[PDB]
Structures are given as C-alpha cells and as structure tokens.
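What follows is a single structure, written as structure tokens, with notes after it.
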Amino acid sequence: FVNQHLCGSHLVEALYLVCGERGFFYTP
Amino acid sequence: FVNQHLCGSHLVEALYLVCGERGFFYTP
Amino acid sequence: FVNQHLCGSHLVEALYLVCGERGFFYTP
Amino acid sequence: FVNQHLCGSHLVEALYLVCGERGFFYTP
Amino acid sequence: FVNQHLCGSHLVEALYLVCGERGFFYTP
Amino acid sequence: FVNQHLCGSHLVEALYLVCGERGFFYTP
Amino acid sequence: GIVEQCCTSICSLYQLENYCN
Amino acid sequence: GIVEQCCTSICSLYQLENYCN
Amino acid sequence: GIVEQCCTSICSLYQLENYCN
Amino acid sequence: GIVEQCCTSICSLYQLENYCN
Amino acid sequence: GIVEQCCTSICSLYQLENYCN
Amino acid sequence: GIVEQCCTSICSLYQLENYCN
Ligand SMILES: Cc1cccc(O)c1
Ligand SMILES: Cc1cccc(O)c1
Ligand SMILES: Cc1cccc(O)c1
Ligand SMILES: Cc1cccc(O)c1
Ligand SMILES: Cc1cccc(O)c1
Ligand SMILES: Cc1cccc(O)c1
Ligand SMILES: Cc1cccc(O)c1
Ligand SMILES: Cc1cccc(O)c1
Ligand SMILES: Cc1cccc(O)c1
Ligand SMILES: [Cl-]
Ligand SMILES: [Cl-]
Ligand SMILES: [Zn+2]
Ligand SMILES: [Zn+2]
C-alpha cells in the first residue's frame with residue numbers, strides 16, 4: 001500500500017500543475 | 001499569483017495526507 | 001536502500017504536518 | 001504564519017537530505 | 001533570498017514534469 | 001517506469017539543493 | 001474557497017478536512 | 001481510476017489531464 | 001522505528017503522530 | 001533566466017518549456 | 001531556532017547541519 | 001547516468017554533486 005501512497009502523492013502534485021485553474025478531484 | 005501558486009502546492013499535499021482514502025477536491 | 005530513502009522523504013513531510021507546533025526528531 | 005509554514009516544509013526536506021543517516025530534529 | 005529559494009524549488013519540480021524525457025536545465 | 005519517475009523527482013530536488021548557485025542539467 | 005481561506009491565514013489539519021470528499 | 005492507470009505504468013501530462021475538472 | 005513500521009505498510013496520520021514531540 | 005522570468009510573475013507550463021533540453 | 005535563523009535569511013547546507021542529530 | 005547510478009542504489013549528496021554545473 002506504501003508504493004501506491006508514494007505514487008499518489010506525486011500524482012496529486014502533477015494534477016495541481018496540469019489542471020491549473022480547472023482544479024481537480026482526487027479519488028484514490 | 002506566484003505566492004498563491006506556492007501555497008496551493010502545499011495545500012494539495014496537505015489534503016492528500018489528511019483526507020486519505022476519502023480523497024479531496026482542489027478548486028483554485 | 002533507495003526505496004526507503006523515498007519513503008523517508010514522505011515520512012518527514014507528513015511528520016512536519018501532523019506534529020505541527022510539537023515538532024519531531026527523525027531517526028532513520 | 002503561512003510563509004513560515006511554507007519555509008518550514010522546505011527546511012524539513014533539506015534537513016532530511018543533508019543529515020542523512022544521522023537524522024535531524026525539527027522544532028518550530 | 002528565501003522566497004527565491006522556495007520558488008526555485010517549485011520551478012524545478014515543474015520542469016521535471018513538463019520536460020519529461022527531454023530533461024531540462026536549471027540555472028539560478 | 002513509474003519507480004524511476006518517482007526517483008527522478010527526488011533526484012532533481014536534491015540536485016536543486018546541492019548544486020545551489022551552480023545549477024544543473026537533468027538528463028533522464 | 002480553500003485558497004481564500006487557507007493562503008491568507010494558516011489552516012489547521014481540521015479546517016482542511018472541510019475539503020475532503 | 002487514476003491510481004490503477006498511472007501508478008502501474010507512466011502517464012504523460014496529457015493523460016493526467018483527463019483527470020482534471 | 002518509523003521506517004521499519006511505516007515504509008513496510010501504510011501508517012495513518014494517527015500512527016505517525018506517535019513519532020511527534 | 002528562469003527565476004527572473006518565473007518567480008516575479010507566474011509562468012504557464014508553456015513558458016516553462018523554454019527551459020527544457 | 002531553525003525557523004528564526006533560516007526563514008528570514010537563507011542558510012547554507014552547512015548551517016543546516018547544526019540541526020542534525 | 002544519474003538515474004542508472006542513483007535510482008539503483010543510494011547516492012550521498014557528495015555523489016550527486018558530480019551532476020552539478
Ligand atoms: C487526519 C488527521 C487530522 C488531524 C490530526 C491528525 O493527527 C490526523
Ligand atoms: C551533506 C552535504 C553538505 C554540504 C555539501 C554537500 O555537497 C553535502
Ligand atoms: C507537458 C505539458 C505542457 C502543457 C500542457 C500539458 O497538459 C502538458
Ligand atoms: C497545511 C497548510 C498548507 C498550506 C496553507 C495552509 O494554510 C495550511
Ligand atoms: C507525473 C506522474 C506521477 C505519478 C505517476 C505517473 O504516472 C505520473
Ligand atoms: C504519510 C506516509 C508517508 C510514508 C509512509 C507512510 O506509511 C505514510
Ligand atoms: C509552475 C511554476 C512554479 C514556480 C513559479 C512559476 O512561475 C511557475
Ligand atoms: C535549504 C533551505 C530551505 C529553507 C530555508 C532556508 O534558509 C534554506
Ligand atoms: C537524494 C536522492 C534521491 C534519489 C535517489 C538517490 O540516490 C538520492
Ligand atoms: Cl516516491
Ligand atoms: Cl513554498
Ligand atoms: Zn516521492
Ligand atoms: Zn514550497
């Protein structure tokens with residue numbers, strides 16, 4: 001579960017950047 | 001809008017951790 | 001050792017957030 | 001206290017790297 | 001030079017993502 | 001490829017810190 | 001919104017929960 | 001979902017963009 | 001220690017709180 | 001340079017591409 | 001403390017070592 | 001390269017310094 005936790009942390013930062021003004025929902 | 005960008009980056013990381021399995025929504 | 005280094009990096013950020021004013025010691 | 005929060009987040013990451021096996025202590 | 005340090009940390013992460021396989025150069 | 005992507009993200013942050021004024025090139 | 005509420009003044013991990021799904 | 005698709009194999013910023021609002 | 005306990009399996013923020021001052 | 005151009009005012013992921021190899 | 005010493009003015013990786021165990 | 005050397009096994013900040021300008 002740790003491997004996925006680490007990945008998810010990086011996913012949300014990339015989403016923050018790519019989505020910009022649009023924002024996003026993160027559903028693990 | 002730079003300090004705002006920086007703050008948002010840290011808020012997203014914080015929500016990722018506090019919300020856990022629930023997930024969160026980030027709307028700039 | 002890399003896998004643990006990556007994990008530890010995320011651990012200290014979470015500790016920073018959860019401990020708040022209390023602070024913490026990180027001993028790998 | 002927001003800029004202070006942001007700075008501390010980066011200091012913790014920095015200590016994690018510089019201190020290595022020694023570990024560090026973070027006291028706000 | 002602290003806010004500058006903080007901004008640069010986030011720029012590096014951003015270039016890491018946008019540039020991908022191409023790689024990037026960071027010159028303070 | 002994900003494992004390496006995660007590692008690289010941490011590599012560039014460490015390079016940012018260690019290289020300081022010198023800066024760096026990151027070539028994956 | 002979260003930026004207005006948490007980027008001008010610090011938010012506890014508790015106020016942050018208001019933004020969880 | 002995003003974890004299933006992007007933690008298994010790498011996703012470009014274009015693939016990640018599908019998860020935006 | 002923390003690495004042994006939280007890098008093997010996932011730790012909640014409550015479990016992490018044990019490592020605070 | 002990138003700091004002068006992107007730390008005083010925000011840069012789009014596009015302007016950031018100017019710094020890719 | 002580290003915040004007083006390193007958040008008002010930048011600290012070298014060397015001054016940061018003062019906070020290692 | 002850096003990924004080949006430092007993602008396989010751990011690199012100290014001194015080893016990383018080889019990749020600086
Ligand atoms: C998720 C959460 C919220 C508040 C305090 C904690 O220790 C953990
Ligand atoms: C750990 C450390 C301190 C200072 C310089 C370096 O390259 C590495
Ligand atoms: C790499 C990149 C640049 C700009 C927009 C994107 O979605 C992705
Ligand atoms: C935890 C956190 C991050 C960024 C801003 C805040 O108010 C709080
Ligand atoms: C940007 C990024 C982070 C984590 C996983 C991925 O597939 C891609
Ligand atoms: C928050 C977090 C980071 C790294 C490992 C864990 O078990 C939990
Ligand atoms: C994406 C990003 C990070 C830091 C500063 C900027 O202008 C833009
Ligand atoms: C390396 C670092 C991070 C944050 C503040 C500083 O003064 C220095
Ligand atoms: C600091 C660091 C990050 C990633 C891999 C390494 O070997 C070392
Ligand atoms: Cl990771
Ligand atoms: Cl910041
Ligand atoms: Zn990571
Ligand atoms: Zn930051």
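Within each chain, counting starts at residue 1; across the structure tokens, chains are named A, B, ... in the order shown, with ligands numbered 1 upward in that order.
Omitting segment 17-28 of chain C and its sequence neighbours fewer than 4 positions away, and counting only C-alpha atoms, the residues within 9 Å are residues 14, 17 and 18 of chain B; 8, 12 and 13 of chain C; 9, 16, 20, 21, 22, 23, 24, 25, 26, 27 and 28 of chain D; 13 of chain G; 1, 2, 3, 13, 14, 16, 17, 19, 20 and 21 of chain I; 21 of chain K.
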Those residues you just picked out, can you put them in a file as a PDB file, in the first residue's frame with C-alpha atoms?
```pdb
ATOM      1  CA  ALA B  14      -1.742  18.511   2.874  1.00  0.00           C
ATOM      2  CA  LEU B  17      -2.470  13.316   3.602  1.00  0.00           C
ATOM      3  CA  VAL B  18      -5.354  14.430   5.810  1.00  0.00           C
TER       4      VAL B  18
ATOM      5  CA  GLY C   8      11.536   8.529   4.462  1.00  0.00           C
ATOM      6  CA  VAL C  12       9.269  13.583   7.268  1.00  0.00           C
ATOM      7  CA  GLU C  13       6.869  15.794   5.297  1.00  0.00           C
TER       8      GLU C  13
ATOM      9  CA  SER D   9       8.259  22.471   4.857  1.00  0.00           C
ATOM     10  CA  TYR D  16      16.285  15.096   5.579  1.00  0.00           C
ATOM     11  CA  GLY D  20      21.244  11.517   6.064  1.00  0.00           C
ATOM     12  CA  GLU D  21      21.782   8.542   8.372  1.00  0.00           C
ATOM     13  CA  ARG D  22      22.288  10.935  11.289  1.00  0.00           C
ATOM     14  CA  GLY D  23      18.716  12.113  11.234  1.00  0.00           C
ATOM     15  CA  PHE D  24      17.702  15.552  12.464  1.00  0.00           C
ATOM     16  CA  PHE D  25      15.387  17.358  14.827  1.00  0.00           C
ATOM     17  CA  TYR D  26      12.841  19.950  13.714  1.00  0.00           C
ATOM     18  CA  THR D  27      11.469  22.265  16.391  1.00  0.00           C
ATOM     19  CA  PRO D  28       9.152  25.050  15.203  1.00  0.00           C
TER      20      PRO D  28
ATOM     21  CA  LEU G  13      -5.463  19.970   9.557  1.00  0.00           C
TER      22      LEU G  13
ATOM     23  CA  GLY I   1      11.304   2.526  14.375  1.00  0.00           C
ATOM     24  CA  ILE I   2       9.358   4.727  11.966  1.00  0.00           C
ATOM     25  CA  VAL I   3      10.957   3.418   8.763  1.00  0.00           C
ATOM     26  CA  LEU I  13      -1.654  10.314  10.391  1.00  0.00           C
ATOM     27  CA  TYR I  14      -2.688   8.984  13.837  1.00  0.00           C
ATOM     28  CA  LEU I  16       2.563   8.907  12.605  1.00  0.00           C
ATOM     29  CA  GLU I  17       1.555  11.136  15.464  1.00  0.00           C
ATOM     30  CA  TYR I  19       6.626   9.975  16.427  1.00  0.00           C
ATOM     31  CA  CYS I  20       5.939  13.593  17.369  1.00  0.00           C
ATOM     32  CA  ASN I  21       7.479  15.522  20.244  1.00  0.00           C
TER      33      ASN I  21
ATOM     34  CA  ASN K  21      21.309  14.596  15.333  1.00  0.00           C
TER      35      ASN K  21
END
```
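Around ligand 12, using only C-alpha atoms and all ligand atoms and a cut-off of 10 Å, the residues in contact are residues 3, 5, 6, 7, 8, 9, 10 and 11 of chain A; 3, 5, 6, 7, 8, 9, 10 and 11 of chain C; 3, 5, 6, 7, 8, 9, 10 and 11 of chain F.
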Selection from above, N, CA and C atoms, as a PDB file, in the first residue's frame, can you write it?
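Generated file (out_38.pdb):
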```
ATOM      1  N   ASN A   3       3.762   1.775  -1.652  1.00  0.00           N
ATOM      2  CA  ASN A   3       4.155   2.117  -3.016  1.00  0.00           C
ATOM      3  C   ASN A   3       3.106   3.007  -3.680  1.00  0.00           C
ATOM      4  N   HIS A   5       0.811   4.784  -2.061  1.00  0.00           N
ATOM      5  CA  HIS A   5       0.706   6.043  -1.336  1.00  0.00           C
ATOM      6  C   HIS A   5       1.726   7.016  -1.903  1.00  0.00           C
ATOM      7  N   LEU A   6       2.954   6.533  -2.143  1.00  0.00           N
ATOM      8  CA  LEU A   6       4.033   7.365  -2.689  1.00  0.00           C
ATOM      9  C   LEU A   6       3.684   7.896  -4.074  1.00  0.00           C
ATOM     10  N   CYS A   7       3.161   7.012  -4.911  1.00  0.00           N
ATOM     11  CA  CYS A   7       2.751   7.354  -6.272  1.00  0.00           C
ATOM     12  C   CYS A   7       1.657   8.428  -6.269  1.00  0.00           C
ATOM     13  N   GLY A   8       0.633   8.193  -5.460  1.00  0.00           N
ATOM     14  CA  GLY A   8      -0.479   9.112  -5.337  1.00  0.00           C
ATOM     15  C   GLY A   8      -0.018  10.494  -4.933  1.00  0.00           C
ATOM     16  N   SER A   9       0.945  10.579  -4.019  1.00  0.00           N
ATOM     17  CA  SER A   9       1.447  11.889  -3.627  1.00  0.00           C
ATOM     18  C   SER A   9       1.974  12.652  -4.858  1.00  0.00           C
ATOM     19  N   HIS A  10       2.703  11.949  -5.727  1.00  0.00           N
ATOM     20  CA  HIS A  10       3.253  12.575  -6.923  1.00  0.00           C
ATOM     21  C   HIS A  10       2.170  12.885  -7.947  1.00  0.00           C
ATOM     22  N   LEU A  11       1.168  12.017  -8.015  1.00  0.00           N
ATOM     23  CA  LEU A  11       0.028  12.241  -8.904  1.00  0.00           C
ATOM     24  C   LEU A  11      -0.687  13.548  -8.575  1.00  0.00           C
TER      25      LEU A  11
ATOM     26  N   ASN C   3      14.423   2.741  -2.137  1.00  0.00           N
ATOM     27  CA  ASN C   3      13.007   2.656  -1.794  1.00  0.00           C
ATOM     28  C   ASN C   3      12.738   3.283  -0.427  1.00  0.00           C
ATOM     29  N   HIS C   5      14.750   5.431   1.116  1.00  0.00           N
ATOM     30  CA  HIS C   5      15.080   6.849   1.078  1.00  0.00           C
ATOM     31  C   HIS C   5      13.857   7.620   0.611  1.00  0.00           C
ATOM     32  N   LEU C   6      13.181   7.107  -0.428  1.00  0.00           N
ATOM     33  CA  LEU C   6      11.982   7.750  -0.979  1.00  0.00           C
ATOM     34  C   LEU C   6      10.863   7.827   0.051  1.00  0.00           C
ATOM     35  N   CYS C   7      10.651   6.720   0.749  1.00  0.00           N
ATOM     36  CA  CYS C   7       9.630   6.624   1.792  1.00  0.00           C
ATOM     37  C   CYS C   7       9.891   7.629   2.920  1.00  0.00           C
ATOM     38  N   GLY C   8      11.127   7.635   3.399  1.00  0.00           N
ATOM     39  CA  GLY C   8      11.536   8.529   4.462  1.00  0.00           C
ATOM     40  C   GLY C   8      11.290   9.975   4.101  1.00  0.00           C
ATOM     41  N   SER C   9      11.556  10.352   2.852  1.00  0.00           N
ATOM     42  CA  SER C   9      11.298  11.727   2.449  1.00  0.00           C
ATOM     43  C   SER C   9       9.818  12.086   2.683  1.00  0.00           C
ATOM     44  N   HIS C  10       8.919  11.164   2.333  1.00  0.00           N
ATOM     45  CA  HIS C  10       7.492  11.403   2.510  1.00  0.00           C
ATOM     46  C   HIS C  10       7.091  11.368   3.977  1.00  0.00           C
ATOM     47  N   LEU C  11       7.749  10.503   4.740  1.00  0.00           N
ATOM     48  CA  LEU C  11       7.509  10.426   6.181  1.00  0.00           C
ATOM     49  C   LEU C  11       7.796  11.759   6.866  1.00  0.00           C
TER      50      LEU C  11
ATOM     51  N   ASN F   3       8.546   3.692 -11.047  1.00  0.00           N
ATOM     52  CA  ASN F   3       9.549   3.692  -9.985  1.00  0.00           C
ATOM     53  C   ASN F   3      10.656   4.702 -10.280  1.00  0.00           C
ATOM     54  N   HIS F   5      10.399   7.252 -12.395  1.00  0.00           N
ATOM     55  CA  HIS F   5       9.839   8.596 -12.433  1.00  0.00           C
ATOM     56  C   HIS F   5       9.850   9.166 -11.025  1.00  0.00           C
ATOM     57  N   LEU F   6       9.450   8.349 -10.040  1.00  0.00           N
ATOM     58  CA  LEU F   6       9.412   8.773  -8.635  1.00  0.00           C
ATOM     59  C   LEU F   6      10.798   9.142  -8.123  1.00  0.00           C
ATOM     60  N   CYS F   7      11.769   8.299  -8.442  1.00  0.00           N
ATOM     61  CA  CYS F   7      13.162   8.508  -8.049  1.00  0.00           C
ATOM     62  C   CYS F   7      13.714   9.814  -8.634  1.00  0.00           C
ATOM     63  N   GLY F   8      13.506   9.987  -9.932  1.00  0.00           N
ATOM     64  CA  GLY F   8      13.959  11.170 -10.633  1.00  0.00           C
ATOM     65  C   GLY F   8      13.405  12.432 -10.015  1.00  0.00           C
ATOM     66  N   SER F   9      12.137  12.414  -9.608  1.00  0.00           N
ATOM     67  CA  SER F   9      11.572  13.595  -8.972  1.00  0.00           C
ATOM     68  C   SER F   9      12.399  13.984  -7.731  1.00  0.00           C
ATOM     69  N   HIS F  10      12.787  12.984  -6.937  1.00  0.00           N
ATOM     70  CA  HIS F  10      13.572  13.242  -5.735  1.00  0.00           C
ATOM     71  C   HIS F  10      14.999  13.649  -6.070  1.00  0.00           C
ATOM     72  N   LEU F  11      15.535  13.071  -7.137  1.00  0.00           N
ATOM     73  CA  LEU F  11      16.873  13.434  -7.607  1.00  0.00           C
ATOM     74  C   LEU F  11      16.958  14.917  -7.955  1.00  0.00           C
TER      75      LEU F  11
END
```
Computed interatomic separation between atom 4 (C, counted along the ligand's line) of ligand 2 and atom CA of residue 4 of chain J (Å): 26.1 Å
At most 9 Å to chain C: residues in chain L, only C-alpha atoms, as a PyMOL selection string: chain L and resi 6-11
Generate a file of the selected residues that holds N, CA and C atoms, formatted as an mmCIF file, in the first residue's frame.
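What ended up in again-v2.cif:
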```cif
data_model
loop_
_atom_site.group_PDB
_atom_site.id
_atom_site.type_symbol
_atom_site.label_atom_id
_atom_site.label_comp_id
_atom_site.auth_asym_id
_atom_site.auth_seq_id
_atom_site.Cartn_x
_atom_site.Cartn_y
_atom_site.Cartn_z
ATOM 1 N N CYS L 6 21.943 6.448 -9.408
ATOM 2 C CA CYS L 6 21.323 6.796 -8.146
ATOM 3 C C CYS L 6 19.916 6.279 -7.862
ATOM 4 N N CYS L 7 19.302 5.617 -8.825
ATOM 5 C CA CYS L 7 17.971 5.087 -8.583
ATOM 6 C C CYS L 7 18.083 3.610 -8.277
ATOM 7 N N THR L 8 19.239 3.040 -8.595
ATOM 8 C CA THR L 8 19.503 1.632 -8.340
ATOM 9 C C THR L 8 19.925 1.487 -6.887
ATOM 10 N N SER L 9 20.878 2.319 -6.476
ATOM 11 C CA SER L 9 21.421 2.281 -5.124
ATOM 12 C C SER L 9 21.464 3.737 -4.683
ATOM 13 N N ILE L 10 21.577 3.964 -3.386
ATOM 14 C CA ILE L 10 21.569 5.312 -2.861
ATOM 15 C C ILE L 10 22.834 6.129 -3.123
ATOM 16 N N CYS L 11 22.642 7.412 -3.405
ATOM 17 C CA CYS L 11 23.754 8.340 -3.633
ATOM 18 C C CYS L 11 23.784 9.395 -2.546
#
```
Straight-line distance linking atom 1 (C, counted along the ligand's line) of ligand 9 with atom CA of residue 12 of chain K, stated in Å to one decimal: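 Distance reported for this atom pair: 16.9 Å.
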Sel. of alpha helix (DSSP H) residues, chain F, as a count of residues only: 18
